[PDB]
Amino acid sequence: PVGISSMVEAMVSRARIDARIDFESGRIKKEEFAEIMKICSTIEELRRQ
Amino acid sequence: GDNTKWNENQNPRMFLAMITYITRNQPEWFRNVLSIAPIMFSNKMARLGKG
Amino acid sequence: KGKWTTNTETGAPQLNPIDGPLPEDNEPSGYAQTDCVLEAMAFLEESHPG
Amino acid sequence: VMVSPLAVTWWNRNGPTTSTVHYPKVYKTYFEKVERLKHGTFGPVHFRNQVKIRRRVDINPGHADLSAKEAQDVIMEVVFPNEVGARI
Amino acid sequence: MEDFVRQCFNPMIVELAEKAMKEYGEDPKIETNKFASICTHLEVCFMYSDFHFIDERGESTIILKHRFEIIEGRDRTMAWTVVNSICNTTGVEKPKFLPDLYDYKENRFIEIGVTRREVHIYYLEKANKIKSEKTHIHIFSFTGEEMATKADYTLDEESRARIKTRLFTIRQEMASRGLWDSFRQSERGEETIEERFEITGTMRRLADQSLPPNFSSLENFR
Amino acid sequence: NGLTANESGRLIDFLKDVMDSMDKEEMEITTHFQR
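Counting starts from 1 on each chain and goes along its sequence as written, which need not follow the entry numbering; residues with no coordinates are hidden. Note on labels: chains are lettered from A, ligands numbered from 1, in written order. A larger assembly contains the chains shown, and all values are computed for the shown part only. In computing side-chain values, all of the structure's heavy atoms are included and hydrogens and water are not.

Residue and element names in this part refer to chain E. UniProt positions are given in the numbering used here, feature names are shortened, and annotations may be inferred rather than shown by experiment. Summarizing the sequence annotation, UniProt attributes the feature "binding site: Mg(2+) 1" (unreviewed entry) to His41, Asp100 and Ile112 in the numbering used throughout. Numbering of helices and strands runs from the N terminus, with a helix taken as a DSSP run of H or I at least four residues long and a strand as a DSSP run of E at least two residues long. Along the polypeptide, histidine 41 turns up in helix 3 (residues 33-49). When a residue's accessible area, from a 1.4 Å probe over protein chains only, is under 20% of the maximum for its type it is buried; when over 50% it is exposed; and in between it is partly exposed. For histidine 41, a relative accessible area of 21% puts it in the partly exposed group. Beyond its immediate sequence surroundings of up to four residues, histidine 41 is in contact with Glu72, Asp100 and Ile112. Residue classification places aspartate 100 among the buried positions, given a relative accessible area of 1%. Contacts are assigned to residue pairs with any non-hydrogen atoms lying within 4.5 Å of each other.

Rendered as structure tokens:
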């Protein structure tokens, strides 16, 4: 891979996009999508500290 | 035939001259980057093993 | 049989045999002539232009 | 972890079995080699002076006339479609 | 002009624009009109996205699923992978050029543009540049002129009016600063910086001692 | 040591960084000692 961005930034971006796509496809229930989104928010906030 | 002391009689200065001639009429940055390696090899220090 | 100098940056002795005296015996020598090597490179370029 | 060779053999006799149907398709080159060999026909052996010339030959019974870049693009499209990038 | 952009925008917008502009190897202190254009672009796109969701059935929702997915403000790699993922999951073929955002209710990539000039000229320019018929196009104007494909406004009238007012007030603020007339937008010329590799400092000194005996500097030997 | 010219990832950038480091007046290193 090539990129100036840090690991966590690309990781969280990919996580959000994949989560949204998977939920849209209907392969995952709403509870799992909400939980992964909450954990992604947790990761983003911990990234700052 | 075979060449004796191949790596002892080759001078980094001569490689610098060869690289300078090869890179004639070329951008200055390219000549510099290509010719720096012989310069570094000319002023080289060797560690004396473990002891 | 070369030129002894003292590096101004590392402060270490350095030996420069380029353009040194031509060999007088068959023993190994490090006295490579700049003009001869440049001539060889030029003739190589001529034989294989470009 | 650090394991003994015995473990491997154990897996080969007590490990979980899984279906293996894509393997002939995925490893298509090797199975092409074996299938070609099994159907070959041999002839007489001629004892005579052999003159061998050193030449550049292509060792690839199966290839689609692709270089490294094109092959990489196709492989990315098939295996990693989401990571292909700008290429079309 | 720089300080105005920094202070009259949300920190996220300025940070994203600065990172994206740096990602191309250009110094922000040099280019400001491009910086202003990209930051305004990010602001307008975020407003075009913020405060629109999709309910369970799949109708409009205004304060959950996000109706608009943003593509700008990201590295080439991230943007391209999201474009590919959306194209593969939904079915709409991806375009040769990077769009601006994507809507799931219409399941289509929509372009967003904000420019001082009239809507018609830039609309024609973008249409003939992207050369796309399956991607929605939306062009706004600093003076309120705004139009989309077949005059189809995806956003509700209230949202469009809010975005137009935001654009007008930012334009008024730049005019108050006095540099509005000297902004005139900008376009990416893809300027190529000449490669430079110079031998200076201690290295140069070393280069001066790595020559045959009858020379005193690298320049003379060269 | 405040030498971040190689962030681009290009080898030539790393060479520029090496030259700049050689131009530095002082260098800082980290050493591990166990006692």
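Text resumes after the structure shown.
The next point concerns the interface of chain B and chain E. Interface size is commonly expressed as the accessible surface area that is lost when the partners come together. Taken together, the 15 residues of chain B in the interface contact 16 residues of chain E. Buried area is understood as the total, over both parts, of accessible area removed when two parts are fitted together, assessed with a 1.4 Å probe. Each partner contributes to the roughly 1,400 Å² buried at the junction of chain B and chain E, and carbon and sulfur atoms together form 65% of this total. Looking at the side of chain B facing chain E, the largest losses of area belong to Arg13, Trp29 and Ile39 of chain B, adding up to 36% of the total buried there. Counted as salt bridges are all cases of a side-chain nitrogen of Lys or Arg within 4 Å of a carboxyl oxygen of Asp or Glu. For the pair chain B and chain E, the interface holds one salt bridge. Its salt-bridge partner being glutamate 28 of chain B, residue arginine 222 of chain E comes within 3.7 Å of it at the nearest N-O pair.

Right, let's get into the nonpolar core. Residues and elements named next belong to chain E. Side-chain atoms within 4.5 Å link the members of a nonpolar core, which is a set of buried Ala, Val, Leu, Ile, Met, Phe, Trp, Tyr and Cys residues. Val5, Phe35, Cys39, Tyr48, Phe140, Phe142 and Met174 are the most contacted members of the largest nonpolar core, which has 30 residues in total. Of all the secondary-structure elements, those providing two or more residues to this core are helix 1 (2-7), helix 2 (11-22), helix 3, strand 4 (68-70), strand 6 (108-115) and helix 6 (157-177). Discounting chain neighbours no more than four positions away, the residues touching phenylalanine 142 are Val114, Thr115, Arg116, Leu167, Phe168, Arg171, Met174, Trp180, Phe183 and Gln185.

Quick look at the UniProt feature "binding site: Mn(2+) 1" (unreviewed entry) in chain E now. Residues and elements named next belong to chain E. UniProt feature "binding site: Mn(2+) 1" (unreviewed entry): in the numbering of this structure it lies at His41, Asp100, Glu111 and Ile112. If you trace the backbone, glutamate 111 turns up in strand 6. Sequence-distant contacts of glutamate 111, that is, excluding residues within four places in its chain, are made with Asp100, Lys126, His136, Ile137 and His138. Here a polar contact means two N or O atoms within 3.5 Å. Within protein one must be a hydrogen donor candidate and the other an acceptor candidate, and residues neighboring in sequence count only if both atoms are side-chain atoms. A polar contact is formed between the side chain of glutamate 111 and the side chain of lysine 126, at a distance of 2.5 Å.

Excluding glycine, most residues fall at negative phi; most peptide bonds, likewise, are trans. With a phi close to 55°, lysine 5 of chain B is a non-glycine residue in the positive phi region. Residue position: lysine 5 of chain B is located in the segment before helix 1 (12-22). Its identity as a non-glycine residue notwithstanding, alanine 151 of chain E has a phi of 55°, on the positive side.

What follows covers the sheet that holds strand 2 (residues 60-61) of chain E. Residue and element names in this part refer to chain E. We call two strands paired when DSSP finds no fewer than two bridges between them. The strand order across the open sheet built from three strands is 2-1-3, with neighbouring strands paired in antiparallel fashion. Whereas interior strands pair on both sides, the edge strands pair on one side only; in this sheet they are strand 2 and strand 3 (65-66). Strand direction decides the pairing type here: strand 1 (residues 53-54) and strand 2, joined by two bridges, are antiparallel. Each bridged residue has a counterpart across the sheet, and for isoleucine 54 the counterpart in strand 2 is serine 60.

Right, let's get into the pattern of salt bridges. A complete count under the given rule lists 27 salt bridges over all chains for this structure. Members of the salt-bridge network, linked through shared partners, are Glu9, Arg16, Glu44, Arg47 and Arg48 of chain A together with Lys19 of chain E.

Moving on to the sheet that holds strand 6 of chain E. Residues and elements named next belong to chain E. Across the sheet, which stays open at both edges, the five strands sit in the order 4-5-6-7-8 with mixed pairing between neighbours. A strand with exactly one partner marks an edge of an open sheet, and here the two such strands are strand 4 and strand 8 (146-148). With direction set aside, neighbouring strand axes in the sheet form an average angle of 20°. Bridge count for strand 5 (residues 101-103) against strand 6 is three bridges, and the pairing is antiparallel. Only the contacting stretch of a helix is used when fitting its axis, a line to C-alpha atoms as for every element, and angles between N-to-C directions run 0 to 180 degrees.

In this assembly, 14 residues from chain E lie in contact with 13 residues from chain A. Our enumeration of links across chain E and chain A arrives at one salt bridge. The partner of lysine 19 of chain E in a salt bridge is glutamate 9 of chain A, and the shortest N-O contact between them spans 3.6 Å. Where chain E meets chain A, there are zero residue pairs in polar contact. At seven residues, helix 4 (residues 76-90) of chain E tops the list of elements feeding residues into the side of chain E that touches chain A. Each residue belonging to the side of chain E that touches chain A can be placed in one class, and the counts come to four nonpolar, five polar and five charged. Ten residue types, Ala, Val, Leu, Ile, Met, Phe, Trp, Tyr, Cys and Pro, are classed as nonpolar, four, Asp, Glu, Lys and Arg, as charged, and the remainder, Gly among them, as polar.

Our focus in this paragraph is helix 1 (residues 34-47) of chain C. To estimate how far a helix should extend, the number of its residues minus one is multiplied by 1.5 Å. Over its 14 residues, helix 1 of chain C runs 20 Å from end to end, which matches the ideal 20 Å to within 8%, given 1.5 Å per residue. The complete set of buried residues in helix 1 of chain C reads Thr34, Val37 and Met41 of chain C. Along the long axis of helix 1 of chain C, the arc covered by the buried residues comes to 75°, so they all point the same way. For helix 1 of chain C, the exposed residues lying more than 90 degrees away from the buried face are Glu46 and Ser47 of chain C. Buried-residue contacts for helix 1 of chain C involve helix 1 of chain B together with helix 8 (218-221) of chain E. Directions from the helix axis toward the C-beta atoms define the arc.

Considering the arrangement of structural elements, one finds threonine 23 of chain B in the loop between helix 1 and helix 2 (28-42). Excluding its chain neighbours within four sequence positions, the residues that come into contact with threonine 23 of chain B are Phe30, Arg31 and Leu34 of chain B.

Glancing now at the arrangement of the chains. Contacts between protein chains span nine pairs of chains, and they are most numerous for chains B and E. The two units chain A and chain B remain apart, with a minimum C-alpha distance of 24 Å. With respect to C-alpha atoms, chain C approaches chain D no nearer than 24 Å, and the pair has no contact.

Bringing the pairing of strand 7 (residues 136-141) of chain E into the picture now. Residues and elements named next belong to chain E. The buried count for strand 7 comes to six of six residues, which makes it a mostly enclosed element. Along strand 7, one buried face is formed by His136, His138 and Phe140 and the opposite face, lined by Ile137, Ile139 and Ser141, is buried too. Bridge count between strand 6 and strand 7: six bridges; the pairing is parallel. Note that in strand 7 the partner of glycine 113 across the bridge is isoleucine 139. The parallel pair strand 6 and strand 7 is bridged by helix 5 (residues 119-130), and the resulting crossover is right-handed. Here three bridges tie strand 7 to strand 8, and the two strands are oriented antiparallel to one another. Residue pairing for strand 8: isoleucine 139 is matched across the bridge by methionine 147. With its strands directed away from the observer, a crossover is right-handed exactly when the path from the first strand over the helix to the second travels clockwise.

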